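Positions of Cβ are generated from backbone atoms using ideal geometry, with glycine treated the same way; all protein chains shown enter the neighbour counts. Derivation of every value follows stated rules applied to the coordinates shown; laboratory data play no part.
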Amino acid sequence: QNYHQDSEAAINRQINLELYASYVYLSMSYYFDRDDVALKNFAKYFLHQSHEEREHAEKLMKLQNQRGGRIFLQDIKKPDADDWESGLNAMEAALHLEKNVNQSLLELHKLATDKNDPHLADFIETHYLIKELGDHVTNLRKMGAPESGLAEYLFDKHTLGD
Amino acid sequence: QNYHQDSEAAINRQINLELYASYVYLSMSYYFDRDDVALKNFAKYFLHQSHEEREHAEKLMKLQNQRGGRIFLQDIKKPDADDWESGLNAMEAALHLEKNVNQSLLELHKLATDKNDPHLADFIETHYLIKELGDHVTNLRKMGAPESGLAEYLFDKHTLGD
Amino acid sequence: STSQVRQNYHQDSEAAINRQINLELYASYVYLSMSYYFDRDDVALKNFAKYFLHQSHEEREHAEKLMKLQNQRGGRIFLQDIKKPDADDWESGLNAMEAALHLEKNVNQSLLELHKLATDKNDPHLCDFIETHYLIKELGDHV
Amino acid sequence: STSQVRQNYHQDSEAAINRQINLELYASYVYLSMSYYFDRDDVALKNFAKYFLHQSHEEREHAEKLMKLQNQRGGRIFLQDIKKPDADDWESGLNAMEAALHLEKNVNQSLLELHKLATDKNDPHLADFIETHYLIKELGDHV
Amino acid sequence: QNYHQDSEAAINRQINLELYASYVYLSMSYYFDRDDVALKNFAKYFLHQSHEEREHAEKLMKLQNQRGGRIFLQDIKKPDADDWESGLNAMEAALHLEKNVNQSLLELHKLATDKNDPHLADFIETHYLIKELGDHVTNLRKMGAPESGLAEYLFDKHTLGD
Amino acid sequence: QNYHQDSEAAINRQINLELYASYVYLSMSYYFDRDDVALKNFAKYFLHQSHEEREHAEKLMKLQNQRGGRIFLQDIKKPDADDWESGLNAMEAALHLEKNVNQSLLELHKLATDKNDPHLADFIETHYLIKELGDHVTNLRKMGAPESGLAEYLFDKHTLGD
Amino acid sequence: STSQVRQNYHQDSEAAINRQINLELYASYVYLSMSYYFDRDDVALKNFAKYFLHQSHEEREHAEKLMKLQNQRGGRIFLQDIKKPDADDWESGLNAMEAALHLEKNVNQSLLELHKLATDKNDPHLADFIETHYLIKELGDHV
Amino acid sequence: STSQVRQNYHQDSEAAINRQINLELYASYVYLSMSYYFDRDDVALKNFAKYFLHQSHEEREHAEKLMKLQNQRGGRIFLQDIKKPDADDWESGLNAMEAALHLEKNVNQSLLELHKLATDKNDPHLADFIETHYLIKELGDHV
């Protein structure tokens, strides 16, 4: 059967993908630590979400070795840009990103049809992480975002603080 | 006496009416829970008041039966619209709403002339809600909004968060 | 055009959800009116009055969960009229429960229907949700 | 033009409230006058100063209940001069004192007036408010 | 001596004055209670300061009666206007007002030269009230008052909410 | 050895420079207390940081007397301007300053090469003060600073209130 | 021109405060200087070290009380240079002591001067301040 | 051009930082690789799995300490690819349990080298930071 070698190939792509997002969210994070962006909360958000997607790839690697399979590590590609211009654009990307990262996670459940259903837990949390990202893109826009640097400052404070 | 069947008839209009508002209020709530709107505290506001107009119509049916009358339920008409445009518009509406809802709740008391004066507590409450409603429509207009999506955001947090 | 958060969510589902919403909403409305049959002195079963007000509120929350699901996956909520119960006077000993328990079928079935439609369109998120939101609504007696 | 919140609130009540605003305000002013007398050395009845300052802040509070009602039904508050009180024999043994009851009568009277005006115009809200507020305005002295 | 009648007549003009202050502030307060400028929190500001210039005139009449003098009560003239236009113009007036309230309070101390120095504790608190008024006027001006009605909202919340 | 006289000379330049830092942040501090400026939180900032650079000079003199050195005090010169224009331009000066105050604190360590490394602990916080200083300049410009004076009001409330 | 908040504040008072701000600050600079003479191993009077770091902090808070009055009355704070103390190597640390004597005197003096300039220009607020501030300042030194 | 917060930070130091940012990020990768090496049913050394997940996060935090120093001194963070755990041809018990020896060597070495460069460019803050970061790093491998 290719089912056992198709599915151990999927855990690896996701592991190298859920690790990628880890990188991007980290690159994003310290784009906001820098003095000429200086939105300490934007930093705190992604950096947490960066840990979340690290802890998420780490579960994939423990499911692999449980299911007998083997762990094929690939280069963690550097994100597409290291200057994310704006908060509104950093969100537009992490949205585009958790969506492409969620594209494959789906191909991983329709091809497993486990009785374990192990990952199904982290499939629900990625979806909670998408609506939150859309909600965050919408507010920035109406707030005459993104250019109004005022708008981003208040969102840093009143949305990424509580 | 037509008085026993007038009242039981004005009760059934109000029951279906105080029902409608709940529906209208539920529609508004999840018009803000949707990602192109994204004002959770708006969403939170109406879904409490929906429950409160619901709690208000549940009393009406317990009063009907307390009075021995009969409960003639009518269709809960779909609220006029499913997209409420802006926060400011949604408020202007439920102001139009709880005002027209009060109009017959007036026709109800004057046609009653009870010794029990039971709904007088809820008559006293439909009025606190209307003052608050204009109070919210006014703060919004002067905030340059709604053409200023910023405005609606800030109100979402500063007035609808405490 | 398209909502910025939509994924693997097929158009036949977005509609079927909105079907199940007006449904469950109808379910709150009959369950509601029902609690208030038993409450009339002609009946006087605070027990059975009591239980149907709760099943009204739980069915509405169900509606809520669904709505929050709709907007969660980027689909739009198009409400319809919550039709007045085609029932009118439920009444008698061991009564109208028949017309009552019934909807516990058509509600639950429309869900299992939704369950097969999700498997058809390979939407695993939708599947788990409905399975969580069928098991729950299970329990029939007393519940 | 019209305030966005008005409802079955007849222009006569709006003027009648505002007239009850200046009245309670005058009532506060006089009670104050009376109060700061019992304090003077020629009389030195701190018991009475005590009651008349307290009632001084309570008729002012009354006044505010009403203004908060005014802006609540949607009407506009027009304030007038608080006329000086006619009083001086602010002292004695069996006198002057009650000459203030004329106040408790005319105050409490203009209220019952406002109550019949509510009932003529069919504003059950204004009515239950005036009734609560007059009953609140209870009887005279206590221990 | 006219000094005994000088001072006891200054106490009265003042009693009639610090009373006026109370009245104006109370007029101001419920201008922000009404539905066309629903501010609430402003409203809490002045109505407390009306209490503070009432309890302040209440002390004046206790002193007159201690200093043997007499209490000559004059009309409480209606405030200059019963519409204040803008939170900005409410503050500006009370600055001007407390400024004219304080002018005479000076003519009251310079013409007293007591050993008791009674009112000198209330002369120090009307100055804390003057700096704080201009502090509220200044912030509102640079906010862009009034029109940007947006300004008066934020000031309402972030200045008067704490 | 000139070393004992170059280092005891470098201690005094700095004592007369971190003292000057104390004087600028005070002249800054009470330019915000004034009624036509009135940012109570801006004031609280420099009046605490001003305390931070007076405690900083008091350590220098105790180290001068510890290493046997002698304390040569100079005039504490009046700061460049006693009217700082804008919350943003005070931050640009205090930044421009803490960088020139740190320019010499460097020459003082490269010329020291202790086994004690006494002022090494204070070098690590003058750098925490600069990153922070730029972080606030950038939000201000950013916080769409300045012009719309409001910017500075929100920054006074939202960044400097917590 | 004029600040929106000034009253009965004469342009002389405005200037004599500012003289009083530079003074007190000069005091904090000398008292600071003194503490670290008693701190040097050549003197090793920690108690006198100790007493004079506290006199420095407190004559600086003084200056701040004064600045906050300036802006409180509506005048403008024009700061001058805090000159070095004429002192430097208090040989006999009694020279140190005699320095402060002529300091406590010139300070307390400029204050009492501010006191009669206030009586001159009929500014009862400025006067009560300087008085509290002088009484505060009095008190020899136990300790 | 230039960031508003840079001071005596030679561009040499800025480049040498971003190298150690990719280096210490690479190390998060290997230790992870190793860690889950021991978790496989074939090795079953939970203890070693556990310790390498610890050192994966603890060197990735290191990475952050660095980037945050970067943006502290005013320099710009440019990530590189986190190369795979080169892994010549290894994954059986008792294997390149080394690997990490040379890894810590090249990590701590590149650190120690960075110490010589601050000393050359007279950058005491960068030098003070790394001595701590290395001492922290030292002591560990065991027991």
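Structure above, values below:
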{"quantity": "Close pairs (8 angstrom Cβ cut-off, 6 or more residues apart or separate chains): within 18 Å of residue H:99 (Cα to Cα) in region H:132-143, small (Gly, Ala, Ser) and not in a loop (DSSP other than H, G, I, E, B) anywhere", "calculated": "H:141/H:100"}
{"quantity": "So residue H:56, is it over 26 Å from residue F:103 (Cβ atoms) and in contact with a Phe, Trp or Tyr (Cβ under 6 Å, 6 or more places away or on another chain)", "calculated": "yes"}
{"quantity": "Subset of region B:24-52 [under 21 Å from residue B:149 (Cα atoms), more than 14 Å from chain A (Cβ to nearest Cβ) and in contact with a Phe, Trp or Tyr (Cβ under 7 Å, 6 or more places away or on another chain)]", "calculated": "B:28, B:29, B:46"}
{"quantity": "Test: residue D:80 is outside any helix (DSSP H, G or I) and either of a type in the set (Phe, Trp, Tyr) or surrounded by fewer than 19 Cβ atoms within 10 Å (Cβ to Cβ) (or both)", "calculated": "yes"}
{"quantity": "Subset tally (residues that are touching a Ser or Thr at 6+ places or on another chain (Cβ under 8 Å) and closer than 16 Å to residue E:35 by Cβ) for region B:139-162", "calculated": "1"}
{"quantity": "Flag for residue H:113 being under 14 Å from the mean Cα position of the chain (by Cα) and either within 14 Å of another protein chain (Cβ to nearest Cβ) or surrounded by fewer than 17 Cβ atoms within 10 Å (Cβ to Cβ) (or both)", "calculated": "yes"}
{"quantity": "Count - residues of region E:106-145 that are charged (D, E, K, R), within 14 Å of chain F (Cβ to nearest Cβ) and either at positive phi or under 16 Å from the mean Cα position of the chain (by Cα) (or both)", "calculated": "3"}
{"quantity": "Residue that is farthest from the other protein chains (Cβ to nearest Cβ) [pool: residues in region G:1-52 that are within 20 Å of residue G:121 (Cα to Cα) and in a loop (DSSP other than H, G, I, E, B)]", "calculated": "G:10"}
{"quantity": "Hits in region B:11-69 - residues which are acidic (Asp, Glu) and within 28 Å of residue C:49 (Cα to Cα)", "calculated": "B:18, B:52, B:53, B:55, B:58"}
{"quantity": "Qualifying position, being in a helix (DSSP H, G or I) and more than 24 Å from residue F:52 (Cα to Cα), among G:91, G:113, G:61", "calculated": "G:113"}
{"quantity": "Residue F:160 being away from chain E (no Cβ under 14 Å), within 25 Å of residue G:63 (Cβ to Cβ), in a loop (DSSP other than H, G, I, E, B) and in contact (Cβ under 8 Å) with a residue 40 or more places away in the chain", "calculated": "no"}
{"quantity": "Residue H:55 within 24 Å of residue A:51 (Cα to Cα), part of a loop (DSSP other than H, G, I, E, B) and either without any contact (Cβ under 8 Å) to a residue 24 or more places away in the chain or within 14 Å of the chain's Cα centre (by Cα) (or both)", "calculated": "no"}
{"quantity": "Any hit, region H:85-93, residues being under 27 Å from residue H:14 (Cα atoms), within 14 Å of chain A (Cβ to nearest Cβ) and either buried (at least 16 other Cβ atoms within 10 Å of the Cβ) or of a type in the set (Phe, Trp, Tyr) (or both)", "calculated": "yes"}
{"quantity": "Matching residues in region D:1-52 - criterion: being farther than 15 Å from residue D:103 by Cβ and free of Cβ contacts under 8 Å to residues at least 24 places away in the same chain", "calculated": "D:1, D:11, D:15, D:36, D:39, D:41, D:44, D:45, D:46, D:47, D:49, D:50"}
{"quantity": "Residue G:100 vs. criteria in contact with a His (Cβ under 9 Å, 6 or more places away or on another chain) and either closer than 18 Å to residue F:75 by Cα or surrounded by 16 or more Cβ atoms within 10 Å (Cβ to Cβ) (or both)", "calculated": "no"}
{"quantity": "The listed residue being of a type in the set (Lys, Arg) and within 12 Å of the chain's Cα centre (by Cα), out of A:34, A:54, A:13, A:67", "calculated": "A:54"}
{"quantity": "Flag if residue H:142 is farther than 27 Å from residue F:122 by Cα, out of contact with any helix residue (DSSP H, G or I) (no Cβ under 6 Å at 6 or more places or on another chain), away from chain F (no Cβ under 14 Å) and in a helix (DSSP H, G or I)", "calculated": "no"}
{"quantity": "Positions within region F:1-27 being within 23 Å of residue G:83 (Cα to Cα) and among the charged types (D, E, K, R), in sequence order", "calculated": "F:8, F:13, F:18"}
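Conditions tested, residue by residue: (1) farther than 17 Å from residue A:128 by Cα; (2) small (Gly, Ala, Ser).
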{"site": "A:2", "(1), (2)": "yes, no"}
{"site": "A:7", "(1), (2)": "yes, yes"}
{"site": "A:16", "(1), (2)": "yes, no"}
{"site": "A:20", "(1), (2)": "yes, no"}
{"site": "A:30", "(1), (2)": "yes, no"}
{"site": "A:33", "(1), (2)": "yes, no"}
{"site": "A:56", "(1), (2)": "no, no"}
